[PDB]
Amino acid sequence: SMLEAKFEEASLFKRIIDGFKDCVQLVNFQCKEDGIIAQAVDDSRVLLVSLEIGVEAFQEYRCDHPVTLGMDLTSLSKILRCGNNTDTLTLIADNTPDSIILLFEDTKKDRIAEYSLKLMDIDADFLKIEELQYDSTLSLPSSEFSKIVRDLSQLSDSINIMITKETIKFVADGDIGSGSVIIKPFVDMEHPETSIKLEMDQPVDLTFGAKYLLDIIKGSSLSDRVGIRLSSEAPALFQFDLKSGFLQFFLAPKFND
Amino acid sequence: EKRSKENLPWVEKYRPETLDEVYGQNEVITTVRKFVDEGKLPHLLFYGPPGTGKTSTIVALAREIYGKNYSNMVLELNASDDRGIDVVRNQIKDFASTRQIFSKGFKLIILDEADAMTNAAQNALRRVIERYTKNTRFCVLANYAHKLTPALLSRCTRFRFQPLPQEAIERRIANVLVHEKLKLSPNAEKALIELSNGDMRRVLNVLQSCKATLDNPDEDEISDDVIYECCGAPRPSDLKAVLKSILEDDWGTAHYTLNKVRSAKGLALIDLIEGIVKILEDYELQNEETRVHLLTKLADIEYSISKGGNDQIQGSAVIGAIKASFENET
Amino acid sequence: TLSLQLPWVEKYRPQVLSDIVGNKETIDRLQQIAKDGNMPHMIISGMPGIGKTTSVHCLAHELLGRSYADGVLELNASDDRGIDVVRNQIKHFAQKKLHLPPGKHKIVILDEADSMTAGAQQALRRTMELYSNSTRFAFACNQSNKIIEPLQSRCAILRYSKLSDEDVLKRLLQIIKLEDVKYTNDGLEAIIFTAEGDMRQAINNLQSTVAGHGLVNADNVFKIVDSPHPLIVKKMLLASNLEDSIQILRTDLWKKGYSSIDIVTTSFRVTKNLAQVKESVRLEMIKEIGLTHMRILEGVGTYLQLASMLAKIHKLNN
Amino acid sequence: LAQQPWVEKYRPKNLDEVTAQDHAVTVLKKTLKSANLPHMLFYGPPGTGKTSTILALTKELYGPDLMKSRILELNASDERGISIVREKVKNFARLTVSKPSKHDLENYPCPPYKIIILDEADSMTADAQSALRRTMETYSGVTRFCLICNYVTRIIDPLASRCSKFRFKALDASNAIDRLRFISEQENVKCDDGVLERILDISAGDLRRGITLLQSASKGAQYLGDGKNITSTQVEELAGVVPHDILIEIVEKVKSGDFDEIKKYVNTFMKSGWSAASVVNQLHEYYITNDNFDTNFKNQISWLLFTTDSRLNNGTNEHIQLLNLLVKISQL
Amino acid sequence: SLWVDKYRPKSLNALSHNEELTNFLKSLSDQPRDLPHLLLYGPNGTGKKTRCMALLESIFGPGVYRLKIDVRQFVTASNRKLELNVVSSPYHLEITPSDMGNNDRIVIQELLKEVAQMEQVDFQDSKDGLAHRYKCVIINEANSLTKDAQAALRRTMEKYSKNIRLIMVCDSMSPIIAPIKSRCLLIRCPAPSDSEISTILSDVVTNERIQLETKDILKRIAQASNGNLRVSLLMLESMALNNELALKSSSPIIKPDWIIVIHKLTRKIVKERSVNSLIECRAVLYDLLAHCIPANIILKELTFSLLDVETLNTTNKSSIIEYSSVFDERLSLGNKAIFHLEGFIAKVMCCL
DNA sequence: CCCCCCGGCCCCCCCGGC
DNA sequence: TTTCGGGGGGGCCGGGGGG
Ligand SMILES: Nc1ncnc2c1ncn2[C@@H]1O[C@H](COP(=O)(O)OP(=O)(O)OP(O)(O)=S)[C@@H](O)[C@H]1O
Ligand SMILES: Nc1ncnc2c1ncn2[C@@H]1O[C@H](COP(=O)(O)OP(=O)(O)OP(O)(O)=S)[C@@H](O)[C@H]1O
Ligand SMILES: Nc1ncnc2c1ncn2[C@@H]1O[C@H](COP(=O)(O)OP(=O)(O)OP(O)(O)=S)[C@@H](O)[C@H]1O
Ligand SMILES: Nc1nc2c(ncn2[C@@H]2O[C@H](COP(=O)(O)OP(=O)(O)O)[C@@H](O)[C@H]2O)c(=O)[nH]1
Ligand SMILES: [Mg+2]
Ligand SMILES: [Mg+2]
Ligand SMILES: [Mg+2]
């Protein structure tokens, strides 16, 4: 076959898909010799999801020529729900493919499940969106970010992130009241995973919608830490690092007016 | 798409890509070009009949403003998508209230076929349009103005797309004949323009069918006969003969002539009625009653035909109506 | 090219109650209320683009000064305004405690209140009554009958009238002076004539001109702004001879791209509003127009049907 | 086969089997090599071959195997609401074309697009057509649409503009005699001279009705087992055509001008079950082609017949309409 | 059981009138493997359903008369629950979709299709247990179907002709759309002649041992029925019961109550022509409509009763018939029948 | 292993002109 | 009264998370 990619367990792919299934509907996967790069855009055109999976994540990966597959995420999730989480998952595609084949194989028995999902015609480019030198770049445990976002979303539908010298401030203003959380950079050698790091060139202040951040925090299940890159006149980048890839959310800030 | 543009229908293969390829709307094109070139684009309402260049014009304007990546910098919604009150409240508001992703600039929202939207959504759109005017502009395309609420119309600058003038159609036909190696006679062009009724889609479709009809398109010229054969439309001579027989012969002769003319080419009665109405429009009648009776009875016959019915009875009714109406001239 | 310029409608939106033209008595009453405070519950009604939202916003800003951010709760059709919202968020805002000068109150601005459902209006009643000592309500609507009678009883009625030609000319001249726009008297006449008392449309057309042709004369105005088709339909219906009616229909309506459904609907409206014709004759013409409209809705949207409708109308008027 | 009615048994299998629709079949055959099939709008009277033509076109385009995955057919028997158009049709139009096999590529043209056939589209609401507009426009690269209808006026103007129109002409004794004769020969039906022409005249543009009438006549002849040619008399009897003697009696009663006699005769006549449409058509033929009537009489009778036919087309009571028509004619 | 039902023939050989139609039906049933879709049109009470059942018995076995009633569920877009009563035999199904009004389309799009898209298990007369024959669906009152249901029938009739064959029955083909008529073999069902009706009545009388003074009585019943055989048999039974099973030359002809009411309304309209008379006529019309008397039947009978009045002249009758035609068209295209009936009565009152 | 929060269907009811 | 479509508001049900 043109493309054959094997996951030891279907669980990994299911968790990867579940990380951004609630923000976008149509996705485009480009598979090459270096791995799979996928992109999706939400209906409101306010959030962009960019997934990268390297060859190290597959038990066996083979892709002779680059292939582009446009698919609909809800159908993919429905198909994946039909396969067990303890079975090897093989993605198979042919030249100029019209469908993608998902093979669920259980080595314990002779049970093989073949599922063909019909591709959709989607002609689009990834644009390799990544700003060169962001104004500020910080990173902190995903649990802390998720807790802060959940706490602040209860007060307002908008959340403001302000970055100043050795200071990161999350602010929300609503009808019943206001909330503000201030965190300073710190490093602990006993447990470096709980440390938060910051590097700031210019002060930044950006407002975002609470619903989009609530969707984004769902990716905390894929990584223990999250990296936030912020820059004026550019979308904010939220990155969750995988074993051999990454999941990136580019969120456009609200107009200041 | 698939394969190449040569596999597309001519109506789609010749879709304008730039504002310089939009013909027959010089005033609107010039005004919009001046607006964009000076950074003073208002909210737009393109109102017009089918196949006049509204969608093409707005797409070309967006491409000019944003370039090739315009598809990722605009929010286009049409009747094929859901545009309820919830959509306006969430998706459109979020798009209008947020900055661009791929590159800096202002937000463009194209509500194509806005006449198919519910009144509640239109009402919800009013404050969305008013509040985010600083960074967002709205363009709405319509064929029926009566379906748009007065509040929405008050907020948009109106541009009317007239039926395509004949010279624009000739220029487009010349471009097509330059691209497709085809030969078209002046009578064929005249008939095509007459039957097009100001619609470019009709021109392109009929030209494609005419080319398909030719045995050797490389060295075969499309004539009026080819157009009438492919379209199955009455020839002017047939209409003139039918009218002359109706107005100058006995009932039996008129019936025979109508039957023979219809059977020779298998023409439909509705096309004959349309042609006869067009011919009689130019007639100078001495009594208003003749015109009144002609119009009323022919409209009744057309409405009856629209629902089916007996064709022979309808033809006899047309003959009798014309005879009775013209008996009033005395 | 990628930097938009503010339209004159928003750029020159009146920010003070003294910059609003028309409805002199009501505007002066609002100015007196602002000067002396004690704003009552009010409902401002009218037709599009006459200055209702502008007036409400100006009054609120002048009354509340720097406390506008906390003292004003604005909701419109673009926001969710269901029964739950009225019961929770509006009630909380009314019950809120805010410190204001002696003569001021919190303001709730329900723009386009006619779109609200009956249940929300019912729920608003006792909230308005119990908390009037600290909160006041201002509704702005296009159709007053949509607001339930209990709410109207609790409010002061302000029915805005259409702006006269003089007021439109005054505001247009002020804008022209502030923008240094070359113009001629005939151009302003055409702009006001096409505006039909709508300030927003007048300013939009004035900007479209100059933005496209520089000089605001009648010609340049009419190369972009089309004369209202209701007037053309009225001329068609009142033509003395059937030939003239058909000529008007062909040249001014059909050849311009106007759809048959639009033409028949406009004919219905104009016939409904033809005071110079006897009521029975108008009823007969309306019956004929309804027949034609029913035929058109079925799919027979042809010029022949409209011509037959005109012929029948002329038969009636003879 | 022997278990299929002749109308379905002899349905065209390829575009060459369409009888008298060359003005459009030629273009459709050209598209096989051109491979730029446009959006199509087939319209015409009942039983002219629109559905057969589209089915044959798909057969010749994709072949027996690839057709199933390249065609999406929706007709009046399926729900086609605005939601269906906005979801199912859009999703099918957005899909990539199924991959042809080597057999298909080497044996069939295999154009790079799929076809959605909305048969009986005149039954769809205007909102659904409005939803279809941009769906057809956007995905023309991978999908093409075919709308088949009987009344073209029921299609909204934007859709008619987007589609290339094909009018299917009525089939009569002049352009469809060859197909009927071929069917009769293949069925070993013995008919007198002019029987097929009479059948095609009675059918009035509908070849399906003619084939059904021929099958009925063949069944009657086979049951009789007399080895005699089918005559025009039994053909007329099977088609419900009123005998000429009855028509002459009706004409004489009308000429009498007595209301009571006409009413009594019509009451007796309605007990035979004759359809009002056939009676009206026969009366129109008798009166319009009769030389013993003035221009004014024919002018009035044509309008009377038109009014009666229009009223009958709305599903009214045949007795009342026929009595009214005859009374009005008698008073001319 | 009533004599009308107790003596209904159950086979083609048992038919007694319209021998030519019987021969045609026998010819059609001779080779039923390629039988096309059938549409039997004819006056009410002539024997259309009897002939359809006889044709089915000729094609299949007598088992076609072993009928049973079942109830089928249906759900609309709004989740409304509808019930349809289906009469079925081991060889055919009978349905009257018009019972569901505007919802009849659903029955065409859900029930009929379901029958035509699947095979059936036949454990009697078949060795393999699977039926090797097409299934017949009878549609009663096909002229009552809405245009949507008729449109839905179109492609179903053609796609699954190998598995399903339709037999429709109607009293008038005017409401049937052109495509449906084109898809069917049309069979005219003329009413029986007076002599044939008299023969059937005489046979019934002989079987029932009813004393008859003269056979002319039967003849008198035959004319009063206007070709309706069911009405003739029911009227014979009513007359026999009203005279102790002994009929005489003076035995009056019994008319139904609604006909008597319509005749009284005709007399009132002729005698009195005023607004108060119109109000009384409205009350009578409401009473007639409230008891399941179709509006079209009321209009037809009222029109003919008016035209049967001896005191009216030709102009009045011409005006009456013209108004009847106009308001029959109005009824065909309307919802509130009382409105059109009142309009017709008012116009007739004005003309008189 | 059990309880609670809060997203999504599911159902019911009510307009629909200027 | 009511032949669709849209919109609003309430009642359950159940996935997921927390203790
Ligand atoms: N002014 C024009 N110049 C050149 N081609 C035109 C023009 N107008 C229409 N066409 C042609 O017809 C095709 C359709 O044009 P459209 O822009 O879709 O018209 P439209 O008015 O937007 O259609 P409606 O109003 O939705 S029915 C284009 O691809 C062009 O090929
Ligand atoms: N009396 C006025 N004086 C000056 N400008 C006006 C006046 N009325 C309307 N305008 C102008 O038109 C623009 C819109 O005015 P609005 O207050 O929004 O009218 P409106 O009546 O509230 O519209 P509706 O009823 O929601 S459709 C303002 O920004 C002003 O620039
Ligand atoms: N042009 C034709 N050539 C040969 N047979 C035809 C032709 N037209 C109709 N028939 C015959 O009549 C039968 C029905 O033809 P159809 O294709 O169904 O006509 P139709 O126009 O699609 O009917 P409608 O519009 O749905 S009523 C075919 O199976 C053929 O046997
Ligand atoms: N003896 C005899 N009675 C018949 C015949 N045809 C019909 N009938 C009687 O007439 C009654 C009505 O027939 P039916 O088919 O129900 O009327 P229709 O369906 O409205 O045409 C039946 O109950 C039979 O008793 C016939 O051929 N012979
Ligand atoms: Mg368009
Ligand atoms: Mg406002
Ligand atoms: Mg068909």
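Letters go in sequence order (proteins before strands), and every chain restarts at 1.
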Inset, instruction - Starting from P on F/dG17, measure out to CD1 on C/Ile261 and report it in whole angstrom. - result: 14 Å
Inset, instruction - Would you mind checking if E/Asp148 and E/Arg105 are paired as a salt bridge, meaning a charged N to carboxylate O distance below 4.0 Å? - result: yes
Inset, instruction - Using atom CG of A/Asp22 as one end and atom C1' of F/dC6 as the other, report the distance to the nearest whole Å. - result: 14 Å
Inset, instruction - Classify the glycosidic conformation of F/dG17 as syn or anti, calling it syn when the angle lies within 90° of 0. - result: syn
Legend entry - North or south sugar at G/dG14 (positive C1'-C2'-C3'-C4' torsion counts as north): south
Legend entry - Which nucleotide in G/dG9, G/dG6, G/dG18 has an atom nearest any side-chain atom of A/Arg150: G/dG18
Legend entry - Of B/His146 and A/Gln154, the one whose closest DNA chain F nucleotide lies more 5': A/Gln154
Inset, instruction - Would you classify E/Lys147 as touching base, sugar-phosphate or nothing, given that sugar-phosphate means primed atoms plus P, OP1 and OP2, and contacts are heavy atoms under 4.0 Å? - result: nothing
Legend entry - Residue E/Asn335, side-chain heavy atoms: nucleotide from G/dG5, F/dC12, G/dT3 that is nearest: G/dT3
Legend entry - Base pair F/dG7/G/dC13 (Watson-Crick or G-U, both distances under 3.5 Å): no
Inset, instruction - Respond yes when some side-chain nitrogen or oxygen of B/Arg89 is under 4.0 Å from OP1 or OP2 of G/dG8, and no when none is. - result: yes
Inset, instruction - Would you kindly give the CE-to-P distance between C/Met116 and G/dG8, to the nearest whole Å? - result: 12 Å
Inset, instruction - Identify whether the distance between the nearest side-chain nitrogen and carboxylate oxygen of D/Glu120 and E/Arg154 falls below 4.0 Å. - result: yes
Inset, instruction - Please work out whether the ring planes of C/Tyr258 and C/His229 are parallel, tilted or perpendicular, with thresholds of 30° and 60°. - result: tilted
Legend entry - F/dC14 pairs with, by Watson-Crick or G-U criteria that keep both distances under 3.5 Å: G/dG6
Inset, instruction - Return yes if the base of G/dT2 and the side-chain atoms of E/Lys336 contain a donor-acceptor N/O pair under 3.5 Å, otherwise no. - result: no
Inset, instruction - Have a look at D/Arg86 and say if it touches a base, only the backbone sugar-phosphate, or nothing, with a 4.0 Å heavy-atom cut-off. - result: sugar-phosphate
Inset, instruction - Using the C1' atom as the reference point in each nucleotide, state the distance between G/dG14 and F/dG8 in Å, no decimals. - result: 9 Å
Inset, instruction - Using the P atoms only, state how far F/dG7 lies from G/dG18, rounded to an integer number of Å. - result: 14 Å
Legend entry - Which nucleotide in G/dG8, G/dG6, G/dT3 has an atom nearest any side-chain atom of B/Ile85: G/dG8
Legend entry - Interatomic distance at P, F/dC13 relative to G/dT1, whole Å: 13 Å
Legend entry - C/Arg269, nearest nucleotide to its side chain (from F/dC18, G/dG7, G/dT1): F/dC18
Inset, instruction - Grab the CD1-P distance between A/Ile217 and F/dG7 for me, whole Å please. - result: 11 Å
Legend entry - Residue whose nearest DNA chain G nucleotide is more 5′ - B/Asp82 or C/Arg81: B/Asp82
Legend entry - Euclidean distance, atom CG of residue B/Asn123 to atom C1' of G/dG6 [Å, nearest integer]: 14 Å
Inset, instruction - Give the minimum heavy-atom separation between B/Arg83 and B/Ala121, together with the two atoms involved. - result: O-CB, 3.6 Å
Inset, instruction - Give the rounded distance in Å between these two atoms: CD of D/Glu79 and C1' of G/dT3. - result: 14 Å
Inset, instruction - Would you indicate whether A/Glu9, at its atom CD, is surrounded by more than 12 heavy atoms from other residues, nucleotides or ligands within a distance under 6.0 Å? - result: yes
Inset, instruction - Rounded off to whole Å, could you give me the CG-to-P distance for the B/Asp86 and G/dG7 pair? - result: 7 Å
Inset, instruction - Describe the nucleic acid contact of E/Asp148 in one word from base, sugar-phosphate, nothing, applying a heavy-atom distance below 4.0 Å. - result: nothing
Inset, instruction - Under a 3.5 Å limit for both distances, which nucleotide forms a Watson-Crick or G-U wobble pair with F/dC1, could you say? - result: G/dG19
Legend entry - Cationic N near anionic O, under 4.0 Å, D/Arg86 to B/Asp82: yes
Legend entry - Side chain proximity check, D/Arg80 to D/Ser123, heavy atoms < 4.5 angstrom: yes
Legend entry - E/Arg80 side chain near G/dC4 phosphate (N/O to OP1/OP2, under 4.0 Å): no
Legend entry - Between F/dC5 and G/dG9 - P atom distance, rounded Å: 24 Å
Legend entry - Pairwise 5' ranking along DNA chain F for E/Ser78 and C/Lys146, keeping only the more 5' one: E/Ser78
Legend entry - Nearest-angstrom distance from the residue atom CD1 of E/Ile106 to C1' of G/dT3: 10 Å
Inset, instruction - Look at B/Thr118 and G/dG7 and indicate whether a side-chain polar atom (N or O) is within less than 4.0 Å of OP1 or OP2. - result: yes
